[PDB]
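Written below as structure tokens is the structure these notes are about.
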Amino acid sequence: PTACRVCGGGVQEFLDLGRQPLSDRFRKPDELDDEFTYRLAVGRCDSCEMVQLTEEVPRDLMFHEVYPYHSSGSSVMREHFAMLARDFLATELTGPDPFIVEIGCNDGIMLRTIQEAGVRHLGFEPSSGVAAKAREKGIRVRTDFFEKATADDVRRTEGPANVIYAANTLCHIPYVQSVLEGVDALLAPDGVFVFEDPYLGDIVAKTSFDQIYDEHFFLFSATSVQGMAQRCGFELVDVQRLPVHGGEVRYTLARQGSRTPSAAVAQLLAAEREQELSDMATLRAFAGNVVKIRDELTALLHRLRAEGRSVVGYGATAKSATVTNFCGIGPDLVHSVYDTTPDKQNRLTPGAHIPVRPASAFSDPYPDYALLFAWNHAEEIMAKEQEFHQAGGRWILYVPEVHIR
Ligand SMILES: Cc1cn([C@H]2C[C@H](O)[C@@H](COP(=O)(O)OP(=O)(O)O[C@@H]3C[C@H](N)C(=O)[C@@H](C)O3)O2)c(=O)[nH]c1=O
Ligand SMILES: Nc1ncnc2c1ncn2[C@@H]1O[C@H](CSCC[C@H](N)C(=O)O)[C@@H](O)[C@H]1O
Ligand SMILES: [Zn+2]
């Protein structure tokens with residue numbers, strides 16, 4: 001019976017995805033078939049409604065020198081972050097000597113636009129290989145985790161930040177109270193801490209269980225974020241839904257009572273209450289839907305094999321580790337996975353050990369089917385792979401249901 005990392009309440013489990021490997025560890029084929037594994041299960045705190053995993057993976061096992069995800073590998077995301085940076089430069093970063101700190105800046109996808117605007121900034125990026133990619137672009141980066149002590153150190157030497165921003169990173173951090181204390185130490189009194197992460201309501205609506213894996217400790221909602229803010233001295237003052245990464249919300253927190261919440265905050269809270277989003281029964285219904293997607297996906301993949309059809313995967317997502325390991329999908333059913341990330345290529349996916357090959361290798365003669373693990377990138381990918389579909393190749397999707405098109 002684990003304690004909520006937000007409030008210390010009791011977390012009741014509703015979904016057990018079993019034994020899983022580290023999602024972003026890609027092994028060379030000659031490596032020992034030994035892997036770290038942990039139990040992936042999700043529950044909901046009884047007191048603040050925060051949905052969260054019940055076993056933490058230690059941060060240094062996930063985030064370190066060879067972390068492989070490079071944010072800038074998607075054109076949609078590069079545009080998405082450039083626009084956000086422009087929005088901040090026009091609103092929160094006006095005035096003299098503004099300062100923005102990004103938590104989890106990766107390869108500098110967002111902070112490049114800030115640096116090109118001449119605005120003082122600091123990225124925190126504890127994964128040193130992508131940190132170096134950002135530094136190559138002229139971005140100032142500390143290769144450290146953001147937490148209370150490193151935030152204090154930055155406030156000491158650099159002064160208060162007008163904006164603290166985190167995308168697809170807050171939800172990865174079980175030590176969220178320490179981060180919030182770091183934000184309290186570092187943020188200007190009239191500043192904002194803005195984060196965007198996969199949204200519980202989209203996960204439940206689309207049965208997108210592959211959004212649950214080691215790096216995604218929290219599945220935030222407006223309800224839980226509002227409670228988390230309030231308990232830590234802040235206030236949820238804006239929310240915006242975003243289509244990226246399968247559906248997100250961007251949450252804006254301010255010091256309590258410094259700004260009046262937008263109507264959007266109340267409207268999203270009322271819709272979550274109306275739709276019973278975080279009620280344990282709704283969350284168990286989702287868990288039941290997850291098993292149905294497993295069973296239909298494996299039935300399909302086995303029928304394809306019996307029918308002599310070839311099947312590959314597209315995108316060696318961290319997400320797909322949950323899919324292949326919960327569903328038991330290995331190279332006998334999905335022969336290769338195609339991906340543009342050099343440090344994932346010529347390696348095997350975690351747990352299931354499917355070989356990953358460069359996306360340039362996905363070409364005539366094409367396979368019959370491609371299981372689309374990077375389904376959040378469907379539009380971008382399929383635009384680049386029209387020749388596959390024109391040839392008669394078909395995509396297998398498992399969100400929001402198993403279907404082929
Ligand atoms: C856009 C695109 C991606 N890809 C590959 C790149 C990358 O390995 C994968 C896409 O991964 P993506 O869905 O962005 O992210 P992911 O599920 O691996 O998760 C990672 C780790 C992290 N914890 C997280 O939350 C998100 C931001 O990024 O697909 C590709 O081969 N062709 C393409 O056109
Ligand atoms: N405490 C912490 N502080 C800052 N970055 C962190 C962190 N824990 C993990 N990370 C970084 O968080 C990132 C998550 S991936 C998200 C990268 C990027 N913001 C994007 O949206 O695409 C990784 O690069 C990881 O190294
Ligand atoms: Zn709680």
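Whatever order the structure lists ligands and atoms in, that order sets their numbers, starting from 1. The first residue in the sequence is number 1, and the count goes up from there.
For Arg255 and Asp184, the salt-bridge test passes: some basic side-chain N is under 4.0 Å from an acidic carboxylate O. Ionic pairing of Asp153 and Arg155 is not present here: no N-O contact between side-chain nitrogen and carboxylate oxygen is shorter than 4.0 angstrom. The residues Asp202 and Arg241 are annotated as salt-bridged, a charged nitrogen and a carboxylate oxygen being separated by less than 4.0 angstrom. Here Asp152 pairs with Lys148 in a salt bridge; the nearest charged N to carboxylate O distance falls below 4.0 Å. Ionic pairing of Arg142 and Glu158 is not present here: no N-O contact between side-chain nitrogen and carboxylate oxygen is shorter than 4.0 angstrom.
In this structure, the separation between NZ on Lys384 and OG1 on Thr340 is 6.0 Å, given to the nearest 0.5 Å.
At a 4.0 Å heavy-atom cut-off, ligand 1 touches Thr341 through the side chain alone. Counting heavy atoms under 4.0 Å from ligand 1, residue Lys319 touches it through both backbone and side chain. With a 4.0 Å cut-off on non-hydrogen atoms, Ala318 touches ligand 1 through its backbone as well as its side chain. Contact annotation for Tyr175 and ligand 2: only side-chain heavy atoms (C-beta onward) come within less than 4.0 Å of the ligand. Contacts of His172 with ligand 2, taken as heavy-atom pairs under 4.0 Å, involve the side chain alone. Under 4.0 Å from ligand 1, not a single heavy atom of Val76 appears.
For a threshold of 3.5 Å applied to N or O pairs, the pair formed by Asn168 and ligand 1 contains no separation below that value. Here's the thing with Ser74: none of its N/O atoms is less than 3.5 angstrom from an N/O atom of ligand 1. Between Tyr338 and ligand 1, a contact under 3.5 Å exists for no N or O pair. Looking at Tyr314 next to ligand 1, no N or O pair under 3.5 Å apart turns up.
Ring geometry, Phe362 versus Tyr338: the interplanar angle falls from 30° to 60°, so the pair is classed tilted.
Taking every heavy atom of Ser127 and a limit of under 4.0 angstrom, the matching atoms of ligand 2 come to 26 (O). Counting the atoms of ligand 1 from 1 in the order shown, those under 4.0 Å from a heavy atom of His172 are 22 (C), 23 (N), 24 (C), 25 (O). The atoms of ligand 1 that sit less than 4.0 Å from any heavy atom of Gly315 are 29 (O). Near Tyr67, meaning under 4.0 Å from any of its heavy atoms, are these atoms of ligand 2: 15 (S), 23 (C), 24 (O). Those atoms of ligand 2 that come under 4.0 Å of a heavy atom in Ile103, given as number and element, are 3 (N), 4 (C). Remark: ligand 2 atoms within the under-4.0 Å shell around heavy atoms of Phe124 are 4 (C), 5 (N). Near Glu380, meaning under 4.0 Å from one of its heavy atoms, ligand 1 places the atoms 1 (C). When each atom of ligand 1 is checked for a heavy atom of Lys344 under 4.0 Å away, the hits are 7 (C), 8 (O). Taking a cut-off of under 4.0 Å to the non-hydrogen atoms of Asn168, the atoms of ligand 2 that pass are 14 (C), 15 (S), 16 (C), 20 (C), 21 (O).
The nearest protein atom to atom 4 (N) of ligand 1, hydrogens excluded, is given as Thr340 OG1, 3.7 Å; this is a heavy-atom distance. In terms of protein heavy-atom proximity, atom 9 (C) of ligand 2 is nearest to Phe63 CD1, 3.6 Å. Closest to atom 34 (O) of ligand 1, if we only count protein heavy atoms, is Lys384 NZ, 2.8 Å. Ranking protein heavy atoms by distance to atom 8 (O) of ligand 1, first place goes to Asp339 OD1, 2.6 Å. Given atom 2 (C) of ligand 2, the protein heavy atom at minimum distance is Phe146 N, 3.6 Å. Ranking the protein heavy atoms by distance from atom 25 (O) of ligand 1 puts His216 NE2, 2.9 Å first. Protein heavy atom nearest atom 10 (N) of ligand 2, with residue, atom name and distance: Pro126 CG, 3.5 Å. For atom 10 (C) of ligand 1, the closest non-hydrogen atom on the protein side is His377 CD2, 3.6 Å. In terms of protein heavy-atom proximity, atom 8 (N) of ligand 2 is closest to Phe145 CD2, 3.6 Å. Ranking protein heavy atoms by distance to atom 20 (C) of ligand 2, first place goes to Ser71 OG, 3.5 Å. Ranking protein heavy atoms by distance to atom 13 (C) of ligand 2, first place goes to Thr169 OG1, 3.7 Å.
Between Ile354 and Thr324, the shortest heavy-atom distance links the atoms CD1-CG2, 4.0 Å. Considering all non-hydrogen atoms of both residues, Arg19 and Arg39 come closest at NH1-N, 3.6 Å. Contact record, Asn376 with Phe373: OD1-O, 4.2 Å, taken as the closest heavy-atom pair.
When side chains are defined from C-beta on, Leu277 does not count as touching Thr223, because their heavy atoms never get closer than 4.5 Å.
The number of heavy atoms from other shown groups lying within 6.0 Å of CD (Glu296) does not exceed 12.
Figure legend: cation-pi geometry between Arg284 and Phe14 absent, as NZ or CZ is not positioned both under 6.0 Å from the six-membered ring centre and within 45° of its axis. Judged by the 6.0 Å distance and 45° axis criteria, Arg25 is not positioned over the aromatic ring of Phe36. Both tests hold for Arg294 against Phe326: distance to the six-membered ring centre under 6.0 Å, angle to the ring axis within 45°.
Ligand 1 has at least one atom lying under 4.0 Å from a heavy atom of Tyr213. Within the 4.0 Å heavy-atom shell around ligand 2 one does not find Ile109. Within the 4.0 Å heavy-atom cutoff, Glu125 counts among the residues contacting ligand 2. Ligand 1 has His245 within reach: a non-hydrogen atom of the residue lies less than 4.0 Å from it. Using 4.0 Å as the threshold, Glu147 has no heavy atom nearer than that to any atom of ligand 2.
Side-chain atoms of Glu380 and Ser74 include a donor-acceptor pair closer than 3.5 Å. Remark: the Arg44 side chain and the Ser224 side chain contain no N/O donor-acceptor pair separated by less than 3.5 Å. There is a side-chain donor-acceptor pair under 3.5 Å between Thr54 and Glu13. For the residue pair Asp107 / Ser71, no side-chain donor-acceptor distance below 3.5 Å is found, with atom types taken as modelled. Side-chain atoms of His353 and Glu35 form a donor-acceptor pair, as typed in the model, at a separation below 3.5 Å. Side chains of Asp214 and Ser23: a donor on one and an acceptor on the other come within 3.5 Å. In this model, a donor atom of one side chain and an acceptor atom of the other lie less than 3.5 Å apart for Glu215 and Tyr67.
Here 4 is the count of protein N, O or S atoms positioned under 2.8 Å from the Zn ion (ligand 3), waters not counted.
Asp364 places no side-chain N or O within donor-acceptor distance of the main-chain N or O of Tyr366, the cut-off being under 3.5 Å.
Taking the six-membered ring for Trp and the full ring otherwise, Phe234 and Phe193 have centroids separated by 6.0 Å or more.
Closest heavy-atom approach to atom 26 (C) of ligand 1 within the set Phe362, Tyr69, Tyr67: this belongs to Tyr69. For the residues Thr317, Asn106, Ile381, the heavy atom positioned nearest atom 2 (C) of ligand 1 is part of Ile381.
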